[PDB]
Each structure stands twice: as C-alpha cells, then as structure tokens.
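Heavy-atom basis, side chains included; hydrogens, waters and symmetry copies ignored. A, B, ... follow the sequence lines: proteins, then strands. Residue 1 opens every chain.
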2 protein chains.
Amino acid sequence: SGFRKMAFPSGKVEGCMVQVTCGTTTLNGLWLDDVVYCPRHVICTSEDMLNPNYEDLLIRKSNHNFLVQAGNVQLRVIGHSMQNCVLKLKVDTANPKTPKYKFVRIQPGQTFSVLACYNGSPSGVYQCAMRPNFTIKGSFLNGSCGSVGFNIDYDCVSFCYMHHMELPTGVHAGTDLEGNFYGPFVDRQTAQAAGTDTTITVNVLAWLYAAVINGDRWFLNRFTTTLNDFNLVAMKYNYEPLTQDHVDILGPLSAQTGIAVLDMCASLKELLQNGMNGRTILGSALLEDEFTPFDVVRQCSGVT
Amino acid sequence: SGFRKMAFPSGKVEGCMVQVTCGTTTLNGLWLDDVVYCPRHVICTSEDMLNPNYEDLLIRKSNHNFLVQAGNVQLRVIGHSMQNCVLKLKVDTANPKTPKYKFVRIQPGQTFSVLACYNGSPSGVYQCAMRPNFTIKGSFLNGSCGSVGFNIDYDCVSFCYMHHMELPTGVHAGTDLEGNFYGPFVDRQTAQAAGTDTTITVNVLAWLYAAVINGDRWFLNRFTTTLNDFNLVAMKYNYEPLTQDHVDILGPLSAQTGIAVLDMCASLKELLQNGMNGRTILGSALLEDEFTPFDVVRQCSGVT
Ligand SMILES: N#Cc1ccc(CNC(=O)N2CCOCC2)cc1
Ligand SMILES: N#Cc1ccc(CNC(=O)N2CCOCC2)cc1
C-alpha cells in the first residue's frame with residue numbers, strides 16, 4: 001500500500017552520462033554505442049545565445065574542440081554532426097554500459113524520469129510530465145543541460161527528453177533525442193512565453209483510482225456524468241478535454257475498483273466545483289496530474 | 001530553477017539487490033561484500049507471522065535453505081546469522097558492484113531515497129522521511145520487504161533503512177541495517193498503532209527557503225516571532241518544537257536569502273493560522289516537510 005511519485009531506477013542511464021566541453025561551456029552528454037548526444041548550444045558563448053547561427057558557429061569547431069570525459073577518462077572524438085538542436089559526437093569507443101534503448105517522442109501528459117546531472121555526474125532523479133504547453137516543471141541549475149528524461153520497459157530505456165533551456169518563468173524546455181524541441185521553443189536567449197498550463201485530466205482520474213486502491217475514498221460521491229457534461233466543467237477549470245480514448249485507457253483501473261470511469265469523472269467534477277475543503281488525497285491538497293494510467297497500474301501491481 | 005522531490009541516483013544500490021527465498025517466502029536482500037542482508041521474517045510462513053519465535057524457527061534452517069539469486073545466477077550461502085531483526089547470509093562471492101558504504105541509523109525528520117524492489121529487481125525510486133512517529137509513508141506491495149533506504153555522499157552510500165512491515169493503517173515500518181526497528185515496532189502480525197504524525201518544522205522552514213530561492217514569495221509577511229511564541233503555535237498545529245539547533249542548521253539558507261530564521265518562522269505561523277487561501281508554494285497546496293535543510297542546499301547548489 002501507499003502511492004509515491006516514483007522515478008525509474010536510474011542506474012542504466014547513470015552509465016551513459018558524460019561531460020562535454022566546447023571552449024568554456026561544459027554540460028552533459030549521453031553516450032550510447034559510439035555516439036555522444038548533447039545540446040548544440042554547447043558551442044555557444046552566453047553572448048552567442050542571444051542570436052546564434054548554429055551552422056556558422058559549428059564551422060569554427062573541429063572534432064578535437066569537443067572534449068568528452070566519461071568519469072575521469074577522455075573519449076576520442078572522430079566525427080561530429082548537428083541533427084536539429086543536438087550534436088552527435090562520434091567517439092572511437094562504444095559505451096560498454098550501453099543499455100537496450102530507443103528514442104521516443106512523447107505526447108503531452110506522458111510522464112518520464114529525469115536524471116539531473118552536472119559535469120557528467122548524476123545528482124538526482126525525479127518524475128516529470130510533458131505539460132500540455134510542452135514545457136516541463138523540472139529542477140535544473142546551470143550545467144544541467146544535456147540531462148535526459150526516460151522511461152524503462154524491463155531492460156529497454158526509452159529516452160524521450162534532453163534538457164536545453166529554462167524560460168524566464170522558470171519552467172523548462174528541451175528536445176527529444178533527435179534534437180526536435182517539444183512545443184514551439186528554440187535554443188535562443190529570447191522572449192519565449194509558455195501557453196496555458198492545463199491540467200492532464202486522464203492523469204488526475206488515474207490518481208483518483210490510485211487513491212481508492214490505497215484506501216483514500218472520501219471524495220467518492222453518489223453522482224455520474226457524461227463526457228460532454230464533464231468536459232464543460234473541465235473547460236471552465238483549464239482541464240484537458242476527456243476523450244473516449246482516455247476512458248478506454250482507464251478501463252483496467254475501472255475494472256479493478258468497480259468504479260465506472262464516468263462515476264469517477266462525476267467525483268472529479270464535484271472536487272473541481274467544491275474544492276478539497278481542507279482535506280487531502282494521497283497526502284496531496286491538490287489534484288495530482290503527473291501519474292499516467294500506466295504509472296498507476298505499474299506502481300499498484302509492482303512491475304520491475 | 002525549480003524544486004522537485006528528488007531521490008539519489010539509484011545505480012549504486014541497484015547493483016546490490018538480490019532475491020532471497022526461504023521455503024515459499026521470497027523477498028529482497030542487500031549484497032555488500034560477501035554478506036547478504038535481509039529481513040529475518042524471510043523464514044516465516046504467513047501463519048508463523050502471528051506469533052513467531054525467530055530463534056526457534058531459525059534452528060530448522062540450514063545455509064542451503066537460503067536461496068540467494070543475483071540476477072539469474074545463484075550465490076552459494078556458506079554461513080548465516082541473525083542480528084536483531086535481520087539475517088546476514090555469508091556468501092562465497094564478494095559483490096563485485098559493492099559501492100563504498102556505511103550503515104547509519106537516522107533520526108526522525110531525516111530524508112532518504114527508497115529503491116522499491118520485487119524478486120531482487122528494482123521497480124522504482126522515491127524520496128521518504130523518517131516520520132516523528134518512526135514510520136515512513138512508502139509505496140510497498142507484497143515482495144518489497146528488504147528494499148532499502150539510503151543517502152549518498154559523493155561515492156559513499158549510507159544505508160539507513162530496510163523495509164519490513166506495513167501497519168494496518170498502510171504506513172511502513174522497518175529497521176536500520178543492524179536490524180533494529182525504527183520506533184517501537186516488531187516483526188509480528190499484531191496490533192501496532194503509530195503515534196501522532198507531527199510535521200517536521202525545520203524541514204517546512206527549509207522548503208519555504210527553497211520557495212523563496214525559486215521565486216515563490218507571496219507568503220513572506222511583515223512579522224517576526226520568537227522561538228517560544230512560534231513553538232506555542234507549532235504545538236497547536238502538531239508541528240515539532242523548533243530548537244536553536246534547528247535555527248543553527250537553517251543558518252546557510254537564512255544567509256543566502258537574507259531572511260532571518262525567526263522572520264520565516266513568523267511567515268510559517270501566519271500560514272498555519274490563515275492557511276494557503278487556495279494558493280500554492282512550489283506547486284504544493286500544503287506545507288511540505290520531506291526536505292531537510294541539507295536537501296534544500298544540495299538541490300539549490302547542484303551537488304553530484
Ligand atoms: N537552449 C538553450 C538556451 C537558451 C538560453 C540560454 C541563456 N542562458 C540561461 O538561461 N542560463 C540559465 C542558467 O544560468 C546561466 C544562464 C541558454 C541556453
Ligand atoms: N516484519 C514484518 C511483518 C509483519 C506482518 C506481516 C503480515 N503480512 C502482511 O502484512 N502482508 C502485507 C502484504 O500482503 C501480504 C501480507 C508480514 C511481515
């Protein structure tokens with residue numbers, strides 16, 4: 001029993017973190033097989049970051065300008081290329097700790113673990129969600145760029161995020177491992193405002209199911225609703241619209257608890273309209289939206 | 001910027017987890033050097049757990065009855081002994097992945113990371129605190145016993161917790177790695193009620209400092225207080241008394257922010273008396289108490 005904001009075990013990813021230095025800029029790289037992946041802004045001075053021309057800045061860089069250190073041993077760079085907003089540094093040594101891995105581009109509302117790193121060294125692991133506005137709410141100081149986000153399926157690491165940027169509002173933006181930003185953001189020190197940070201409704205419902213499974217039931221009421229009725233309330237409260245696809249995804253949690261998805265929607269509707277009245281659910285005073293239905297099943301069933 | 005409930009990177013501990021089976025009971029063990037540490041209740045049937053005599057149950061057990069599996073390779077048990085509530089299984093192979101480590105018995109209010117495991121396989125990592133009533137609020141299903149709690153100082157893992165028990169109230173109890181329970185709990189399926197789960201005041205203040213550092217400042221007020229005045233309010237709200245030792249520990253955060261500890265106490269006093277009025281601090285609608293002053297400094301300074 002008990003329900004925690006749980007990250008994947010980080011060991012498989014710790015074995016992939018390296019330091020990348022280009023001139024006076026140091027950040028993190030990801031070493032998989034004989035390629036090191038890092039943010040292309042490693043080539044920028046802080047001055048460069050106001051309006052960088054990355055292709056032009058890269059012409060001035062040779063393999064020997066990219067210093068890659070794995071622990072306290074230097075890797076030899078034998079090639080480099082830019083793919084979107086990431087550099088791929090080809091090294092002469094395959095990472096012997098390379099796990100089974102994939103690169104995945106996640107959808108908003110999907111959760112992942114972040115291994116926060118500085119100078120190629122892991123500092124901490126925490127659980128994030130891709131927000132509906134394609135930001136994440138992370139914990140990143142200067143030096144953390146190139147820290148990655150991932151999911152694990154048994155022994156396969158799916159890398160979904162590389163840290164690039166903090167917006168002036170202190171939320172975070174980054175890329176998939178093909179170097180494509182999530183959302184509209186660019187690797188430039190310019191005005192970039194995030195859109196509405198809407199609540200991930202299907203995740204809230206998942207977490208209400210987790211609450212019921214773990215004995216927190218006070219919020220269950222005598223009501224039901226319809227998708228259309230619920231969605232009028234969702235809109236009013238800056239919740240994402242609930243689709244039949246979301247209802248389908250919650251089917252296993254509905255089955256386990258015997259609470260129809262639309263009944264849990266009516267419970268959520270009353271919580272939105274009434275608030276918590278000073279009560280808590282799974283030790284939270286607000287409705288938690290960074291657990292997916294898959295996260296709730298995994299944690300409630302003990303998948304390794 | 002940003003402030004997250006962050007666990008230590010789990011790799012060093014993942015390399016120590018093994019499966020221990022005794023008859024039909026399987027749980028987790030910790031393999032350090034040539035010793036495997038596990039809960040002594042591995043020797044119990046569920047029937048045994050109502051009123052176990054561990055010394056008597058252990059007489060019926062030989063080295064060959066303790067099946068220890070590290071991945072998919074069996075370890076040879078060449079000795080076994082009971083130390084308090086843990087068994088120490090001597091194996092013929094030193095764990096080649098043994099990190100630098102220590103065994104520490106933590107005090108209430110101290111935080112640590114838990115690597116939740118099943119059948120010797122890591123499932124997840126999360127951050128806990130030792131509650132003032134010597135329970136922890138974990139996420140543990142059947143099979144998770146022998147999962148451990150730890151802190152890391154650079155390359156030294158300090159193990160502070162091994163999971164043994166879920167109370168009928170769904171909170172968790174366990175031992176240090178010498179097998180001594182935290183608090184009054186015993187490894188027996190009997191009535192065990194936890195005492196008052198008081199709020200860890202020094203940790204709340206640390207987290208208010210973290211909030212100010214990360215730009216959440218709405219709760220800062222024009223007031224100060226005294227330790228005695230604050231403590232009258234703490235008592236009323238089931239907060240731990242604040243001591244000068246706690247004020248001393250918060251000194252670095254006071255210095256960094258320029259907010260006197262007693263001024264932050266007066267801000268906390270008003271939050272206790274007024275509530276949040278529907279506002280949030282670092283994305284929380286309640287006052288968070290599972291960050292220590294050391295955690296706030298570490299996370300805010302990027303220690304690896
Ligand atoms: N992609 C990207 C990218 C965009 C803007 C910048 C500007 N620098 C910045 O925000 N840092 C934050 C931490 O402290 C030092 C300066 C850097 C990288
Ligand atoms: N130390 C200890 C200890 C105390 C009581 C028990 C009784 N079993 C129990 O609570 N589990 C919970 C999970 O589902 C199956 C039964 C076991 C170990």
Rounded to the nearest 0.5 Å, what separates atom OG in A:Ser284 from atom CZ in A:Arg279?
14.0 Å

Look only at the side chain of A:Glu178 and the backbone of A:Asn180, and say whether a donor-acceptor pair between them is shorter than 3.5 Å.
no

What heavy-atom pair brings B:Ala7 and B:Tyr126 nearest, and what distance separates the two atoms?
CB-C, 4.1 Å

With side-chain contact (heavy atoms from CB on, under 4.5 Å) as the test, would you mind laying out the steps for A:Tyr161 and A:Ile106 before giving the verdict?
CA-CA 8 Å; A:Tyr161 181 85; A:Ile106 59 171; 5.9 Å; no

Between A:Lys100 and A:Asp153, does any side-chain N to carboxylate O distance fall below 4.0 Å?
no

To check you understand the geometry: which heavy-atom pair defines the closest contact between A:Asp187 and A:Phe181, and what is its length?
N-CE1, 3.6 Å

Can you tell me how far apart SG (A:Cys145) and NE2 (A:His41) are? Round to the nearest 0.5 Å.
3.5 Å

Does the side chain of B:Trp207 come within less than 4.5 Å of B:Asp289's, by heavy atoms?
no

Any donor and acceptor pair, going by atom type alone, linking the side chain of A:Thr175 with main-chain N or O of A:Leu177 inside 3.5 Å?
no

Would you check if the side chain of A:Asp33 reaches a backbone N or O of A:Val35 as a donor-acceptor pair within less than 3.5 Å?
no

Would you mind reporting whether A:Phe219 and A:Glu270 have side-chain heavy atoms less than 4.5 Å apart?
no

Can you name the closest pair of heavy atoms from B:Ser139 and B:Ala116 and give their distance?
O-CB, 4.2 Å

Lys/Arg cation over aromatic A:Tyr182: A:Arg105, 6.0 Å, 45° cone:
yes

Looking only at side chains, do A:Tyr118 and A:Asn142 share a donor and an acceptor under 3.5 Å apart?
no

B:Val296 and B:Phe3: CA distance, side-chain angles, deciding distance, side-chain contact (heavy atoms from CB on, under 4.5 Å) verdict
CA-CA 9 Å; B:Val296 170; B:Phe3 203 76; 3.7 Å; yes

Enclosure of A:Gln83 CD (heavy-atom neighbours >12, cutoff 6.0 Å):
yes

Ignoring hydrogens and angles, state whether a donor on the side chain of B:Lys5 or B:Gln127 is under 3.5 Å from an acceptor on the partner side chain.
no

Heavy-atom check, side chain of A:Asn28 versus side chain of A:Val18, under 4.5 Å
no

Please find the pair of heavy atoms, one from B:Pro168 and one from B:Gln192, that lie closest to each other, and give the distance.
CD-O, 4.0 Å

Between atom CZ of B:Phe150 and atom SG of B:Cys16, what is the distance when rounded to the nearest 0.5 Å?
10.0 Å

When you check the side-chain N and O atoms of A:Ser123 and B:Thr304, is any donor under 3.5 Å from an acceptor?
no

Exam field: side chain A:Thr98 to backbone A:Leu32, donor-acceptor pair closer than 3.5 Å:
no

State whether A:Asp155 and A:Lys12 are salt-bridged, where the test is any N-O pair (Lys NZ or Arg NE/NH1/NH2 against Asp/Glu carboxylate O) under 4.0 Å.
no

Would you check if there is a donor-acceptor pair between the side chains of A:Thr201 and A:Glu240 at a distance under 3.5 Å?
no

State, with a plain yes or no, whether a side-chain heavy atom of A:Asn214 is found less than 4.5 Å away from one of A:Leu282.
yes

Using side-chain heavy atoms (C-beta onward) and a distance below 4.5 Å, is B:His163 in contact with B:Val114?
no

Verify the neighbour count for atom CG of B:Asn277: are there more than 12 heavy atoms of other residues, nucleotides or ligands below 6.0 Å?
yes

Taking every non-hydrogen atom, the tightest pair across A:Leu242 and A:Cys265
CD2-SG, 3.4 Å

Check for a donor-acceptor pair, side chain of A:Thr196 on one end and backbone N or O of A:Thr198 on the other, with a separation under 3.5 Å.
no

Separation between NZ of B:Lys137 and SG of B:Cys128, rounded to the nearest 0.5 Å
10.5 Å

CA sep, side-chain torsions, deciding dist, call: B:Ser1, A:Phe140, side-chain contact (heavy atoms from CB on, under 4.5 Å):
CA-CA 6 Å; B:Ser1 207; A:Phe140 297 111; over 6 Å; no

Tell me yes or no: between the side chains of B:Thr135 and B:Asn133, is some donor less than 3.5 Å from an acceptor?
yes

Using atom types as modelled and distance alone, determine if a side-chain donor or acceptor of A:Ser147 lies under 3.5 Å from a backbone N or O of A:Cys117.
yes

Between the main-chain N or O of B:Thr26 and the side-chain N or O of B:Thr21, is there a donor-acceptor pair closer than 3.5 Å?
no

Interatomic spacing from CG in A:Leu268 to CG in A:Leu262 - rounded to 0.5 Å:
11.5 Å

Are A:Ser267 and A:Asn221 linked by a side-chain donor-acceptor pair shorter than 3.5 Å?
yes

Side chain proximity check, B:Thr199 to B:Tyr237, heavy atoms < 4.5 angstrom:
no

Going by atom types only, do B:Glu290 and B:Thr111 share a side-chain donor-acceptor pair under 3.5 Å?
no

Short question: side chain of B:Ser10, backbone of A:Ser10 - any donor-acceptor pair under 3.5 Å?
yes

Taking atom OG1 of A:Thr226 and atom CG of A:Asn231, what is their separation to the nearest 0.5 Å?
8.0 Å

Could you tell me if the side chain of A:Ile200 sits less than 4.5 Å from the side chain of A:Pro132, heavy atoms only?
yes

Nearest heavy-atom neighbours spanning A:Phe159 and A:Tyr101:
CE1-CB, 3.8 Å

Side-chain (A:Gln189) to main-chain (A:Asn51) donor-acceptor, under 3.5 angstrom:
no

When you compare the side chain of A:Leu167 with that of A:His172, does any pair of heavy atoms fall below 4.5 Å?
no

Mark yes or no for whether A:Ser254, through its side chain, and A:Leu250, through its backbone, hold a donor-acceptor pair below 3.5 Å.
no

Applying side-chain contact (heavy atoms from CB on, under 4.5 Å), run through A:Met130 and A:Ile136 and close with a yes or a no.
CA-CA 5 Å; A:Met130 183 54 59; A:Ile136 76 172; 3.8 Å; yes

Do A:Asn203 and A:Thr292 get their side chains close enough for a donor-acceptor pair, meaning under 3.5 Å?
no

Under 3.5 Å, is there a donor-acceptor pair linking the side chains of B:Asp295 and B:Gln299?
no

Go through the steps for A:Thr224 and A:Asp263 under the test side-chain hydrogen bond (donor to acceptor under 3.5 Å, both in side chains), then give the verdict.
CA-CA 4 Å; A:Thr224 199; A:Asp263 298 359; 2.7 Å; yes

